[PDB]
Amino acid sequence: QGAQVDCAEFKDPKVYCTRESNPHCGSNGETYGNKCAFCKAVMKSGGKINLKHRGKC
Numbered sequence: 001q002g003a004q005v006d007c008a009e010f011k012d013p014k015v016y017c018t019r020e021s022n023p024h025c026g027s028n029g030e031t032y033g034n035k036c037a038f039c040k041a042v043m044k045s046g047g048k049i050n051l052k053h054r055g056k057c
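Taking the deposited numbering, I'd label the letters of the sequence shown as residues 1 to 57.
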């Protein structure tokens with residue numbers, strides 16, 4: 001096992017942004033999905049934004 005939803009190791013170089021490759025939906029906070037959007041937000045989320053990323057939140 002091991003949930004592979006890490007987003008630090010796939011930052012660079014010029015990888016995850018703009019053209020969203022997955023409408024993924026946050027805990028109970030937001031609908032987004034471009035790898036950058038999610039890692040970027042979640043980073044500065046607060047520490048209470050888990051994920052229920054499938055389709056809608």
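Idealized CB from N, CA, C, for every residue including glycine.
- Here residue 25 carries a strand assignment [DSSP, helix/strand/coil].
- Here the alpha carbons of residue 53 and residue 34 stand approximately 12 Å from one another.
- Shortest Cα-Cα distance from residue 25 to any of 39, 2, 9, 46 involves 39.
- Within its own chain, the residues whose Cβ lies closer than 7 Å to the Cβ of residue 7, once the five positions on either side in sequence are excluded, are 35, 38, 39, listed in chain order.
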